[PDB]
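S.K.: structure for this input, please:
(2 chains)
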Amino acid sequence: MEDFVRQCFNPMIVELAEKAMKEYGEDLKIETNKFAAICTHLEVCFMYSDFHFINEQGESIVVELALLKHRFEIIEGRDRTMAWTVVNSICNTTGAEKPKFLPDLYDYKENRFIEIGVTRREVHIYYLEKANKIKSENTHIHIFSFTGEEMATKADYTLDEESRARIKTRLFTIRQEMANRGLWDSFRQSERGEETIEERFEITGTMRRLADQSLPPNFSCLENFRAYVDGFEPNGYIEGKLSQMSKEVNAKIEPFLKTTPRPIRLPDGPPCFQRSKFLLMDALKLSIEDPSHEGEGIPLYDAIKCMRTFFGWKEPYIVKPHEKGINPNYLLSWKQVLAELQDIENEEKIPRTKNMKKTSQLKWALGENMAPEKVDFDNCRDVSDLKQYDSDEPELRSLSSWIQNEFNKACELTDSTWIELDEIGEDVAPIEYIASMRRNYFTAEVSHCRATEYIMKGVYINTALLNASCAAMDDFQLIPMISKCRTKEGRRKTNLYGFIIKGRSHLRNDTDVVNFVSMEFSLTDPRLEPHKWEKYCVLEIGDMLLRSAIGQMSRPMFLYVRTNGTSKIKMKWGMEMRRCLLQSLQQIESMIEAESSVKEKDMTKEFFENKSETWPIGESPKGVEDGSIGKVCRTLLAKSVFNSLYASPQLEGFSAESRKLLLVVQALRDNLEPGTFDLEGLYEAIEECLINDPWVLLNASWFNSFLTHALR
Amino acid sequence: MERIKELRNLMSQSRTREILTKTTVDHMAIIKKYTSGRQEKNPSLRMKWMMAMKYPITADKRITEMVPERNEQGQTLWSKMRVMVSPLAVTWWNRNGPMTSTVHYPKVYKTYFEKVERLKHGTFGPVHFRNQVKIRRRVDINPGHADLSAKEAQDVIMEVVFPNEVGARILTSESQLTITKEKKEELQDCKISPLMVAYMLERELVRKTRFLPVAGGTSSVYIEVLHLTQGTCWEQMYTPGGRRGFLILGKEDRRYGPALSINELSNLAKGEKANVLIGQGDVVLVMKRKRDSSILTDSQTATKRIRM
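M.R.: Numbers count the residues shown, from 1 in each chain, chains lettered A, B, ... in the order given. Next comes the structure:
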């Protein structure tokens, strides 16, 4: 590389290199290895004939710091013409014959020419070429090396050992510090005998035939195409091609007015149903109330203690059948769970986990005997009634009124805490004070929400089920549902929701499915909205005493049973649900920061402390309603949680298309006279991304309700 | 003893012999990269599962002579099947254990200890909310050392930390950098680690720059607090506050005795010759010097031989 040569040699040696190259007719940018070779040869030549003078008596001495012979003649630094002239003059005044090529140096003492060679390969092979090139004449030749070797004819090293050691050390150091940078390989692979070649690369074969078939249709060889590309000048091509093009190719703008947009069309059919892992609005808890502050125990015994505090069991019976399957199996499963939980006392030693018996009804519920068998296609070639796969068009379902009810209930406040975060260091800088105040207000507003309870429930259940799946692999294990919280007075509490029975878990990859059955308590009668529960079988198990108001009254208790099987990936998806809190905080902070830039001040106090501010977040037959900042915080948190709980591609598609439409509508509202190229296609995409899911349909209804108000 | 017997059986196998004989020292780092590419099997879950087990970490054999098997509670601290130990052992060591002086720490980690001094003795100002435009410059995150380029920093580090593996250059020059003497004098009996010391010295002495979208100060002091000063729509004002001459005659000779080490050239003589191992494997014959061989005007004096 050029910079290496510039910083390695002194300018006196460097200057002659360009003069040598200019006469030859080369370049320093395209060719670099030849530059280094020439510089090295010149420096070695000058170092070989320095500090050497001969006295009048004929002896040779070495001195430093009168008119004595210098014992050597420099030839390399001169152009070709006077290089021949000086050799002719000396050979005439000494009677020597013209050798052939140019010798490098001449010695008065021995009256013979010397050639100096520096090679990158080993010395032995390089001596023969020089020996054959020059013959039948008196000319000593000396060869150095980059690894500390040398070789001279007749083994007559006409020099002191120190001078040779200096050259060898210089070459060794240059080689080492050039290899330390990444330049030795190319330099070594550049000597083709007695010249220097930068690189070599040819097609020469099958690649030539492959190349000749990768051209525009009016060419046959690569060379002709290259020549045509090289001899190209742009005259008028684009203008002519545009002129001879039809006018049906165009992009006409149609304006977007106030009367242009239309409501989105929603599908019709039978109503939709519930498909969450655990039910949300219709759950109750059996509290153990306060545990001892030092009590950290196994979940099984916590569940048993929670169970003991209840009296009021009855004889179970079915109030809503599954209309697909066998319900007596569900009854027998519940009875078996209760009996096996009671039968712990018939054991010498207390177990840590409970493994259920492999019974007929449990085997039916977990699907252990509907496994197809796998054989090769050759034997079953002639069989009949064979279909490709479940390639069936998805069913279309309409929108009901229970999802809005769930969302309404999810935005309310409770009497517990559900989350307690750690501490950080004390604050010094003002920006730290601002950040602390923002996050403290947000945390105080969203601490008691129900969505936090949903988050904690999901985290606990998924973690427990993943641990059980990884630990016990061939057993039917019983897993309780448990959450923890702090009461208003300051007492810890433990809650129980139900039970889960797990099947067989032999999971090699992240797609394999493990089946399970779930049981949950409730006080909601299933016969008020039968269409909501379509994958459930509901039993009646007992009565509950309510202490609310004056007197005591009894209400029935129910149980919800269902078969399901999730994943290994979706377990990990469920174990991370605090990112919803992170996202909500980020959204609020972004809204504050956007407004802080227009009104160039700090607007965090005008958002929270002010009590006269209202935001439109609701709808009613009267019109659009308003709320406070805590309400919008809880609404955003609930929206994030429900997005996490109902993931599907339809959500992604709808979000993208609705974002585009919302941006266009805002541009219209800002008096910027917008326009569109194809408005029907955007809609058509919106409806084709609207097949079956209830959350997506609710979002579409919300968008329609927004559209009917923003332009009226 | 163990290393040579491990080397002996590698050349017994024919496939490894070709590698060991056909690969130069210059190509060790090339073949070092051929290891693997698939390990990320959810490390967080793996660590959570491993911390549940008893005896999850490993230690040397001599731990059994320094830490008791059980504590006052009666809990096992280590077990025998390198041995297996528990985190309780680490906590016990931090609670009860031998003490040593830590006087060498503030000289090995001083680049970290200057940051806290800068931060504690600093003052703060007001914060402004507005909009601003940020442009890019060349910023220096490691100031480095004055009067020292990147070429000699590596030389200094090699001399200080690995005195027996220097070669060619540094061994033929006639000089001695001042900073090397103080670094070698101070770090006389430090037993922390050669590699940690090497990395810390490299971080202290070597300058390196990058591109950043800075809208404020340009010096190295203002770059390390760039996350505290700037923002999307705000700016915070803050001031910090505050080796003899040798030559190579050729390769090894069988008529001048066995090879020596670099640290054993001290005895030497006034012009004898002996072979030594320099760098990472090369053995060469060297001899002491008799003249100066400097870089003075004598190089330019050759111009008298040209342009007469």
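
S.K.: in the stretch 451-600 of chain A, which residue sits nearest chain B?
M.R.: Residue of the stretch 451-600 of chain A nearest chain B, by CB to the nearest CB: residue A:597 (4.2 Å). (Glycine included, C-beta is placed from N, CA and C.)

S.K.: what about that residue, which helix or strand?
M.R.: Counting by DSSP states H and E, the element that carries residue A:597 is helix A:579-598.

S.K.: if we can go back for a sec, ok, the residue of the stretch 451-600 of chain A closest to chain B - contacts?
M.R.: Contacts for residue A:597 (CB atoms under 8 Å, 6 or more residues apart in numbering or on different chains) come out as B:129-131, B:232-233.

S.K.: which pair of those spans the longest distance?
M.R.: B:130 and B:232 (11.1 Å; CB to CB).

S.K.: flag every residue of the stretch 201-308 of chain B that's near chain A.
M.R.: B:228, B:231-234, B:236, B:238, B:247-251, B:284, B:287, B:289-291, B:293, B:298-300, B:302-303, B:305-306 (CB under 8 Å from any CB of the partner chain).

S.K.: which one of the contacts of residue A:597 is nearest to residue A:640?
M.R.: residue B:232 (22.2 Å).

S.K.: contacts only, for that closest one.
M.R.: Taking CB under 8 Å, 6+ apart, one finds A:593, A:597 in contact with residue B:232.

S.K.: what about 6 Å?
M.R.: residue A:593 (CB atoms under 6 Å, 6 or more residues apart in numbering or on different chains).

S.K.: for it, grab phi and psi.
M.R.: According to degrees, to the nearest 10, the main-chain angles of residue B:232 amount to phi -70, psi -40.

S.K.: out of the residues of the stretch 201-308 of chain B next to chain A, name the ones that lie in helices.
M.R.: Cross-referencing those against helices under DSSP state H gives residue B:228.

S.K.: among the residues of the stretch 201-308 of chain B next to chain A, the buried ones, what's the ChimeraX command?
M.R.: This is how ChimeraX selects the buried members of those, with burial counted by 16 or more other CB atoms under 10 Å in any protein chain shown:
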select /B:233,234,236,238,247,248,249,250,284,287,289,299,302
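
S.K.: distance of residue B:282 from residue B:248?
M.R.: 9 Å (CB to CB, to the nearest Å).

S.K.: next one: residue B:115 from residue A:662, what distance?
M.R.: From residue B:115 across to residue A:662, the span is 47 Å (CB to CB).

S.K.: go on, residue A:682?
M.R.: Distance from residue A:682 to residue A:662, by CB to CB: 12 Å.

S.K.: repeat that for residue B:53.
M.R.: For residue B:53 relative to residue A:662 (CB to CB), the value is 53 Å.

S.K.: and for residue A:253?
M.R.: 20 Å.

S.K.: what of residue B:96?
M.R.: From residue B:96 to residue A:662 the distance is 66 Å (CB to CB).

S.K.: please list all residues in contact with residue A:430.
M.R.: residue B:127.

S.K.: with residue A:646 instead?
M.R.: By CB under 6 Å, 6+ apart, the neighbours of residue A:646 are residue A:695.

S.K.: what separation is there between it and chain B?
M.R.: Here the distance between residue A:646 and chain B works out to 25 Å (CB to the nearest CB, to the nearest Å).
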